[PDB]
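The chain below stands alone, shown as structure tokens; this is the form deposited in one PDB entry.
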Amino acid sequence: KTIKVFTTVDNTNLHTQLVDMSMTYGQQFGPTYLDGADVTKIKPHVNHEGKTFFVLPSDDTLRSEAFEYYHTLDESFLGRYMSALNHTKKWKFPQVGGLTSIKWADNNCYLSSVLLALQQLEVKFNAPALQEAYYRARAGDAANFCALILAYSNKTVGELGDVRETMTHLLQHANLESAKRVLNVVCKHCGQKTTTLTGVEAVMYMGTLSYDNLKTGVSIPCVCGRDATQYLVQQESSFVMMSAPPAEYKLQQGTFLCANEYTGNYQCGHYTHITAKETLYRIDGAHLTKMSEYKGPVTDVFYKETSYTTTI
């Protein structure tokens, strides 16, 4: 018997295929799904006629389309994306404080913090799978975006994860092509030195939560002797992300865009997100509390930027 169905790896280009009556889908299409339903080992029915199956890039056309959509060559990627989607599609995405958040499940609080921060930054993704899923996320349909974050970060539903590390992976697919950071390492003796950073390191800094501190000078146990200071001479980007091991830190209105706090120890703990609106909002998955000032164990802080150049 002859039956007509569609395959795809990007949900955008569908390919008409003629499936054989007898055999299942795995020895015909390889690994195959149908609405997150691993029917690789399931025989073809007849209500199938006309419907669309996901598959793995078996041939040059599918591999090229997968690459164009996802911007990865990783052969495990699509399977990993699928098994995450099975779960994330069961998560809830309420609107909290004007933003799409995520109701706690499967230690997804780090993901909620990543999702909340991104919505407040002037940032776009170059990979079409990310830009499309993100558009939908901002509108409350975030299951796909979350599964994609997991897949790009090499993380699995149910693991706790680190927000900074996650952003490190995601921002490699962000519109950073024009971002630029110039730092100066100065010394009492040693000498004078300038460093230019681009891509991810133009916007991500690890070692202080304070953007002011990076502007006035941050100190470090030097390589030739005593006390090197690092100071920002120039910044070109729409935001910066300052991270540090969690530490007691006061967040005041009008001084930052948003932040993550982390309570617990390295192995096990809990993130919440703080954003500065008419007052401070602390968004803890589905829950909201409000406060005029916060002091607690902050670990990332986001600040708005356009262009900065130094006075030193």
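We call the rigid core the largest set of C-alpha positions that still match within 1.5 Å between the two forms. Quick note: we count residues from 1 along the sequence shown, nothing fancier.
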The stretch carrying the higher mean Cα B factor in the deposited entry, 54-62 or 251-259, is 54-62
Higher of the two mean Cα B-factors (89-97, 152-160; per PDB record) comes from 89-97
Per the entry's Cα B factor values, which of 198, 237, 194, 108 stands out as the maximum? 194
Out of 272, 265, 47, 275, which shows the largest CA B-factor listed in the entry? 47
Going by the entry, which third of its chain does the Cα temperature factor of residue 14 land in? middle
Residue 231 by Cα B-factor - lowest, middle or highest third of the modelled chain: highest
Residue 298's Cα B-factor: lowest, middle or highest third of the chain? lowest
Comparing against every modelled residue in the chain, figure out the third that the C-alpha B-factor of residue 112 lands in (lowest, middle or highest). lowest
Ranked against its chain, the third holding the CA B-factor of residue 281: middle
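The same protein has a further form, the form deposited in another entry, not shown here; the description that follows concerns it.
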Which residue moves between the shown form and the other one, judged by a Cα shift of 2 Å or more on the rigid core: 270, 45, 250, 287? 45
State yes or no: after fitting on the rigid core, is the Cα displacement of residue 25 between the shown form and the other one at least 2 Å? yes
Does residue 90 count as moved between the shown form and the other one, where moved means a C-alpha shift of 2 angstroms or more after fitting the rigid core? no
Align on the rigid core first; then say whether the Cα of residue 230 has moved by at least 2 Å between the shown form and the other one. yes
